[PDB]
Peer 1: 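The structure follows.
Lettering of chains follows the sequences in order, A, B, ..., and the numbering in each one begins at 1. Heavy atoms only: backbone and side chains are in, while hydrogens, waters and symmetry mates are out.
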Amino acid sequence: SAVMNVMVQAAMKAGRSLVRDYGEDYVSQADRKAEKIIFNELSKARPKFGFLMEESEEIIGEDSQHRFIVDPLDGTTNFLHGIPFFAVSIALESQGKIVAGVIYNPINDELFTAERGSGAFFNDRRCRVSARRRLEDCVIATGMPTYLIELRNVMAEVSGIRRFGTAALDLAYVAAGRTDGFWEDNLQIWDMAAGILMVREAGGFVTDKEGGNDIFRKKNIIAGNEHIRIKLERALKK
Amino acid sequence: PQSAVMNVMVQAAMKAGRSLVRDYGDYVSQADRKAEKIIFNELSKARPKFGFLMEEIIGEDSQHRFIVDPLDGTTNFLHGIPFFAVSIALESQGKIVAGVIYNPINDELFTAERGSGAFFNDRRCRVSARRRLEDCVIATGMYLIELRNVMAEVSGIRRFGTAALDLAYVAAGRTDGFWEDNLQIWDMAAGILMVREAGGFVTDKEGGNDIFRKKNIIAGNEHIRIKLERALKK
Ligand SMILES: [Mg+2]
Ligand SMILES: [Mg+2]
């Protein structure tokens, strides 16, 4: 779709800039530059669309019902440290519903896209959540915010825990079937918006920690395939 | 340029690497074995008398052995998480003198030789110059008391699922330190030298030198390592 292509292009241009800055305060700069590039691209492409970008005053668009939701650099600490795991995330929200999302890991050149009703793609092939049915078989990703109890709970149950230091990339990974599930607390809307669509379009399910749909409100998330998501929920509550 | 045996190990790593990336894009076992045979054949053809301790062979030359993890990060590899590596160390008279860790996916080549420095893609590695845990990203692998103690002190914890690569990252200064329990000699052998050659230190969790017997480790620049040692003891 036309808007998807604009989103992808913005993300890739931001991505190239990131890789270039990754090459070399300077992290804030890299983040700010990626953001400028995305804003410029998406503004030029959709001048009446709103913008919700990480830690930045929301721009209400002339077209009040469409806004891009952006994390120009997801995995900032990874980025600061030289850990080649971070991503650009752009979601499009239309009428309060996420309808398109791009997560781009510019180091591995890994493009995750989904549009509502179209499925999720990992570089132009359909990707799907994993088919695992038991936690014992699972690699679950997580991020730092009771957390220790949850961690203990899940650690007891799973084959392995990953903590990559990204949110959006982590969701892309569940959506691509690379990890079997994800949970995190204190996540922002831009951390999650494209990833949640990705997971759902990949045939997974995404709830808040309490198993509902107040993700953006509760700032927390459990994602995985239907089976893993429920058991994760169970494990987390124990 | 790189020494004769380093060049050999790098080649074996590059080649096991290239193969794993192919097997990447029971199946996990075959890849592991394939990488291993590639490494084995490559290093056999290069130093026929050397020992091999792989994830044992005692060679005609009792003073030298290769310590090999043909695929570190097996679970990642199975799951398609692009974070795994080949690890080859050379041990001479009980001392790790050469080491290679190769992440074939990112094409990240880590090399060190005793007295010659650690390198990441032709760049000299230096462990990070961080001194406060608060500014630190610490890597670990699969006690919750110890994780809490560390986690409450640091800016971040990472669990990427690859011990050799985690040590290589410590050495390159990508993370500020690393600790793990129940680690194998092949997991640690090349990594320990990198960190050392990058100016960091390696101890067992107790703070002593019995890493291979304890099968545990804390790695980092000393300021960070001691702080981790403290945090793991509380
Ligand atoms: Mg960000
Ligand atoms: Mg292995």
Peer 1: For the residue pair A:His81 and B:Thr175, establish whether any side-chain heavy-atom pair is separated by less than 4.5 Å.
Peer 2: no
Peer 1: Tell me every residue that passes side chain to side chain contact (heavy atoms under 4.5 Å, CB included) with B:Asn106, counting only those two or more places apart in sequence or in another chain.
Peer 2: A:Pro84, A:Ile107, A:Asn108, B:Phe83, B:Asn103, B:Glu108, B:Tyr169
Peer 1: Hey, does the side chain of A:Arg178 reach the backbone of B:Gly80 with a donor-acceptor pair shorter than 3.5 angstrom?
Peer 2: yes
Peer 1: Do B:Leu147 and A:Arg152 have side chains that get closer than 4.5 Å, going by heavy atoms?
Peer 2: no
Peer 1: With only heavy atoms counted, which part of A:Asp180 is less than 4.5 Å from chain B, the side chain, the backbone, both or neither?
Peer 2: side chain
Peer 1: Within this structure, what is the CZ-CZ distance for the pair A:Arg162 and B:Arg159, rounded to the nearest 0.5 Å?
Peer 2: 4.5 Å
